[PDB]
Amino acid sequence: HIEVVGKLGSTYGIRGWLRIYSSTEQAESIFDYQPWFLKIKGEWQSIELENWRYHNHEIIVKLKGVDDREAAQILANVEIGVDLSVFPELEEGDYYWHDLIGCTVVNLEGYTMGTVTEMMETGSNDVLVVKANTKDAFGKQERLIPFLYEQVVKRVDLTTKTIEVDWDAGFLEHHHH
C-alpha cells in the first residue's frame, strides 16, 4: 500500500502554502497521485492537494485543510505518502486506453479527424470513437476507427496528445500524390 514519496517544508506566504521536497524518481511526478497521506503522530492522515506552482526553482504546494501560516507550520517536515497498490482488473480493455481519451486523430494526409471521446469494444473488435470537428469537409459528425496497430493506428504520441492513423476521411479524399 502506502509509500513515502516526499516531505513538506517551510511555510511560504501567509495563506497556507508551503514548500515541498519529493523523493519521486523524477520530480513533478508526486502530483499525479491522490489523495496524499501525511504521517502525523506515526499515523497516515489523508489530505487533498488543491494546487501547486513554481517559486524560483522551488516547488510550492497548497493543501485543502491548510489555509494559513500557523496551520502549515504544524505540517512542516512531515512525510507524504500515496497508495501505489494495484488497480482493479478491468472487465474491458486496459488502463492505457484511458490515455487515448482526448487525443486528436490525424490521418496520413494530415486531416484532423477529431477528438477521441471513447474506446468502444463491441465483441472482439475495439474501435476509437472520434468526435469530428465542427462541420468537417466530409460532412461527418463522428468516426469509428478500428484500434488496430500498424494497419490502421500507426502511432500514438502523448507528448502532443495525437493519434496518427491510415484512415480515409471520406470517399473523395485526395491522396498523397
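One rule holds for the numbers: they count along the sequence shown, beginning at 1.
S.K.: Using only C-alpha atoms and the B-factors in the entry, which stretch averages higher, 29-37 or 56-64?
M.R.: The entry gives the higher C-alpha B-factor average to 56-64.
S.K.: Higher average CA B factor in the deposited record is what I'm after, so tell me if that's 66-74 or 147-155.
M.R.: 66-74 has the higher mean C-alpha B-factor.
S.K.: So among 51, 141, 124, 115, who wins on Cα B-factor in the entry?
M.R.: Largest recorded C-alpha B-factor: 124.
S.K.: Checking the entry, which one of 108, 132, 47, 120 has the top C-alpha B factor?
M.R.: Answer, based on the entry's C-alpha B-factors: 120.
S.K.: Considering every modelled residue of the chain and its Cα B-factor in the PDB entry, is residue 160 in the lowest, middle or highest third?
M.R.: Its C-alpha B-factor, which the entry lists for residue 160, ranks in the middle third among residues of this chain.
S.K.: Test of reading the entry: by CA B factor among the chain's modelled residues, which third contains residue 12?
M.R.: For residue 12, whose C-alpha B-factor we compare with every modelled residue in the chain, the answer is the highest third.
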